[PDB]
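query.pdb, holding PDB, C-alpha atoms:
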ATOM      1  CA  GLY G   1     125.376  93.721 169.761  1.00  0.00           C
ATOM      2  CA  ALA G   2     128.670  92.040 170.610  1.00  0.00           C
ATOM      3  CA  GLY G   3     131.313  92.852 168.046  1.00  0.00           C
ATOM      4  CA  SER G   4     131.817  93.934 164.451  1.00  0.00           C
ATOM      5  CA  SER G   5     133.334  90.633 163.342  1.00  0.00           C
ATOM      6  CA  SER G   6     130.671  88.743 165.270  1.00  0.00           C
ATOM      7  CA  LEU G   7     127.809  90.802 163.835  1.00  0.00           C
ATOM      8  CA  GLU G   8     129.258  90.494 160.335  1.00  0.00           C
ATOM      9  CA  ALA G   9     129.562  86.728 160.745  1.00  0.00           C
ATOM     10  CA  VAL G  10     125.999  86.264 162.000  1.00  0.00           C
ATOM     11  CA  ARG G  11     124.402  88.801 159.648  1.00  0.00           C
ATOM     12  CA  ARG G  12     126.242  87.689 156.517  1.00  0.00           C
ATOM     13  CA  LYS G  13     125.547  84.045 157.325  1.00  0.00           C
ATOM     14  CA  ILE G  14     121.789  84.482 157.771  1.00  0.00           C
ATOM     15  CA  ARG G  15     121.602  86.919 154.853  1.00  0.00           C
ATOM     16  CA  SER G  16     123.419  84.444 152.615  1.00  0.00           C
ATOM     17  CA  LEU G  17     121.025  81.813 153.940  1.00  0.00           C
ATOM     18  CA  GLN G  18     118.110  83.970 152.779  1.00  0.00           C
ATOM     19  CA  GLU G  19     119.845  84.308 149.413  1.00  0.00           C
ATOM     20  CA  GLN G  20     120.206  80.525 149.304  1.00  0.00           C
ATOM     21  CA  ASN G  21     116.499  80.294 150.195  1.00  0.00           C
ATOM     22  CA  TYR G  22     115.244  82.329 147.242  1.00  0.00           C
ATOM     23  CA  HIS G  23     117.982  80.984 144.969  1.00  0.00           C
ATOM     24  CA  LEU G  24     117.240  77.340 145.753  1.00  0.00           C
ATOM     25  CA  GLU G  25     113.525  78.048 145.367  1.00  0.00           C
ATOM     26  CA  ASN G  26     113.968  79.337 141.805  1.00  0.00           C
ATOM     27  CA  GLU G  27     116.727  76.808 141.143  1.00  0.00           C
ATOM     28  CA  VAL G  28     114.521  73.813 141.928  1.00  0.00           C
ATOM     29  CA  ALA G  29     111.587  75.547 140.219  1.00  0.00           C
ATOM     30  CA  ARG G  30     113.497  75.626 136.934  1.00  0.00           C
ATOM     31  CA  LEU G  31     114.800  72.156 137.775  1.00  0.00           C
ATOM     32  CA  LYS G  32     111.385  70.513 138.138  1.00  0.00           C
ATOM     33  CA  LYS G  33     110.122  72.620 135.246  1.00  0.00           C
ATOM     34  CA  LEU G  34     112.823  71.162 132.999  1.00  0.00           C
ATOM     35  CA  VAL G  35     112.469  67.506 134.013  1.00  0.00           C
ATOM     36  CA  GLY G  36     108.763  67.672 134.834  1.00  0.00           C
ATOM     37  CA  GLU G  37     107.206  69.040 131.665  1.00  0.00           C
ATOM     38  CA  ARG G  38     109.195  70.337 128.710  1.00  0.00           C
TER      39      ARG G  38
ATOM     40  CA  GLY X   1     120.494  90.667 177.514  1.00  0.00           C
ATOM     41  CA  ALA X   2     120.709  87.067 176.273  1.00  0.00           C
ATOM     42  CA  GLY X   3     117.645  86.107 178.275  1.00  0.00           C
ATOM     43  CA  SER X   4     115.057  83.431 177.545  1.00  0.00           C
ATOM     44  CA  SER X   5     113.394  85.987 175.290  1.00  0.00           C
ATOM     45  CA  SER X   6     116.416  85.876 173.035  1.00  0.00           C
ATOM     46  CA  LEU X   7     117.375  82.202 173.195  1.00  0.00           C
ATOM     47  CA  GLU X   8     114.340  80.185 172.129  1.00  0.00           C
ATOM     48  CA  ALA X   9     112.790  82.828 169.870  1.00  0.00           C
ATOM     49  CA  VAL X  10     115.812  83.075 167.591  1.00  0.00           C
ATOM     50  CA  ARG X  11     117.033  79.508 168.002  1.00  0.00           C
ATOM     51  CA  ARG X  12     113.706  77.944 167.010  1.00  0.00           C
ATOM     52  CA  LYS X  13     113.593  79.928 163.785  1.00  0.00           C
ATOM     53  CA  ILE X  14     117.168  79.396 162.645  1.00  0.00           C
ATOM     54  CA  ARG X  15     116.863  75.739 163.606  1.00  0.00           C
ATOM     55  CA  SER X  16     113.864  75.183 161.377  1.00  0.00           C
ATOM     56  CA  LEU X  17     115.320  77.306 158.577  1.00  0.00           C
ATOM     57  CA  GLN X  18     118.330  75.006 158.384  1.00  0.00           C
ATOM     58  CA  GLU X  19     116.224  71.854 158.586  1.00  0.00           C
ATOM     59  CA  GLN X  20     113.801  73.067 155.919  1.00  0.00           C
ATOM     60  CA  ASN X  21     116.389  74.115 153.371  1.00  0.00           C
ATOM     61  CA  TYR X  22     118.538  71.108 154.175  1.00  0.00           C
ATOM     62  CA  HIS X  23     115.818  68.783 152.943  1.00  0.00           C
ATOM     63  CA  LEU X  24     115.208  71.091 150.002  1.00  0.00           C
ATOM     64  CA  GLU X  25     118.875  71.048 149.016  1.00  0.00           C
ATOM     65  CA  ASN X  26     118.987  67.276 149.354  1.00  0.00           C
ATOM     66  CA  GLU X  27     115.960  67.051 147.085  1.00  0.00           C
ATOM     67  CA  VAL X  28     117.511  69.417 144.551  1.00  0.00           C
ATOM     68  CA  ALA X  29     120.745  67.419 144.494  1.00  0.00           C
ATOM     69  CA  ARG X  30     119.186  64.173 143.334  1.00  0.00           C
ATOM     70  CA  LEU X  31     116.686  65.968 141.124  1.00  0.00           C
ATOM     71  CA  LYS X  32     119.288  67.970 139.206  1.00  0.00           C
ATOM     72  CA  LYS X  33     121.379  64.830 138.849  1.00  0.00           C
ATOM     73  CA  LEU X  34     118.368  62.891 137.561  1.00  0.00           C
ATOM     74  CA  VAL X  35     117.595  65.417 134.824  1.00  0.00           C
ATOM     75  CA  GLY X  36     121.272  65.896 133.996  1.00  0.00           C
ATOM     76  CA  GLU X  37     122.217  62.240 133.899  1.00  0.00           C
ATOM     77  CA  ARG X  38     119.475  61.274 131.480  1.00  0.00           C
TER      78      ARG X  38
END

Please go through the file and, once you have read it, give me the structure as structure tokens.
Amino acid sequence: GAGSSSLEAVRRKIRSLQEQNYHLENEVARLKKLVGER
Amino acid sequence: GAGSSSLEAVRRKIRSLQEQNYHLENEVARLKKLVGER
């Protein structure tokens, strides 16, 4: 460890990144689904 | 702690994660604009 604020910062950043990962995945999926073939 | 075991292992991953999703986001940006601005 290191600190509560530090661990929160790192954890929440990488966890939000993972959220962005799955979100962007589905986001662009619907995106290319819409423009690709309707 | 904070040895070579920690440095490269974590750094490599988080480096690539950023790079990967960066390109993805950039793709999404133009794509969503393309389908929106029709």

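Over all paired C-alpha atoms, chain X superimposes on chain G with an RMSD of 2.2 Å.
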
Please provide as a PyMOL selection string all residues within 12 Å of region 4-19 of chain X, with the sequence filter that same-chain residues fewer than 3 positions apart are discarded (counting only C-alpha atoms).
(chain G and resi 10+13-15+17-18+20-21) or (chain X and resi 1+22-26)

Output of the PyMOL selection byres ((chain G) within 8 of (chain X)), listed as a list in words:
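Applied to this file, the PyMOL selection byres ((chain G) within 8 of (chain X)) returns residues 21, 24, 28, 31, 32, 34 and 35 of chain G.
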
Adding 3 Å on each side of the box along x, y and z that holds all listed atoms of region 15-34 of chain X, could you give its centre and edge lengths in Å to one decimal, as AutoDock Vina command-line options?
--center_x 117.6 --center_y 70.1 --center_z 150.6 --size_x 13.6 --size_y 20.4 --size_z 32.0

Kindly output region 9-29 of chain G as a CSV table (one decimal), in the frame of the given file, after building N, CA and C atoms.
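Here's the written file part-v2.csv:
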chain,number,residue,atom,x,y,z
G,9,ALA,N,129.7,88.2,160.9
G,9,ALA,CA,129.6,86.7,160.7
G,9,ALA,C,128.1,86.3,160.8
G,10,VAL,N,127.4,86.7,161.8
G,10,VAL,CA,126.0,86.3,162.0
G,10,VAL,C,125.1,86.8,160.9
G,11,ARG,N,125.2,88.1,160.6
G,11,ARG,CA,124.4,88.8,159.6
G,11,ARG,C,124.6,88.2,158.3
G,12,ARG,N,125.9,88.1,157.9
G,12,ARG,CA,126.2,87.7,156.5
G,12,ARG,C,125.9,86.2,156.3
G,13,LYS,N,125.9,85.4,157.4
G,13,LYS,CA,125.5,84.0,157.3
G,13,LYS,C,124.0,83.9,157.1
G,14,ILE,N,123.2,84.6,157.9
G,14,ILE,CA,121.8,84.5,157.8
G,14,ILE,C,121.3,85.2,156.5
G,15,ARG,N,122.0,86.2,156.1
G,15,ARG,CA,121.6,86.9,154.9
G,15,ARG,C,121.9,86.1,153.6
G,16,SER,N,123.0,85.4,153.7
G,16,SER,CA,123.4,84.4,152.6
G,16,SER,C,122.5,83.3,152.6
G,17,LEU,N,122.0,82.9,153.8
G,17,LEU,CA,121.0,81.8,153.9
G,17,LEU,C,119.7,82.2,153.2
G,18,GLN,N,119.3,83.4,153.4
G,18,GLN,CA,118.1,84.0,152.8
G,18,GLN,C,118.3,84.0,151.3
G,19,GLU,N,119.5,84.3,150.8
G,19,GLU,CA,119.8,84.3,149.4
G,19,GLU,C,119.7,82.9,148.9
G,20,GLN,N,120.3,81.9,149.6
G,20,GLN,CA,120.2,80.5,149.3
G,20,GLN,C,118.7,80.1,149.2
G,21,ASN,N,117.9,80.6,150.1
G,21,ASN,CA,116.5,80.3,150.2
G,21,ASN,C,115.8,80.6,148.9
G,22,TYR,N,115.9,81.9,148.5
G,22,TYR,CA,115.2,82.3,147.2
G,22,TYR,C,115.9,81.7,146.0
G,23,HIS,N,117.2,81.6,146.1
G,23,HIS,CA,118.0,81.0,145.0
G,23,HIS,C,117.6,79.5,144.8
G,24,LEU,N,117.6,78.8,145.8
G,24,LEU,CA,117.2,77.3,145.8
G,24,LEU,C,115.8,77.2,145.3
G,25,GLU,N,114.9,78.1,145.8
G,25,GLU,CA,113.5,78.0,145.4
G,25,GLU,C,113.4,78.1,143.8
G,26,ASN,N,114.0,79.1,143.3
G,26,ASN,CA,114.0,79.3,141.8
G,26,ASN,C,114.8,78.3,141.1
G,27,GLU,N,115.9,77.8,141.7
G,27,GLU,CA,116.7,76.8,141.1
G,27,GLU,C,116.0,75.5,140.9
G,28,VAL,N,115.3,75.0,142.0
G,28,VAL,CA,114.5,73.8,141.9
G,28,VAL,C,113.3,74.0,141.1
G,29,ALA,N,112.7,75.2,141.1
G,29,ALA,CA,111.6,75.5,140.2
G,29,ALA,C,111.9,75.3,138.8
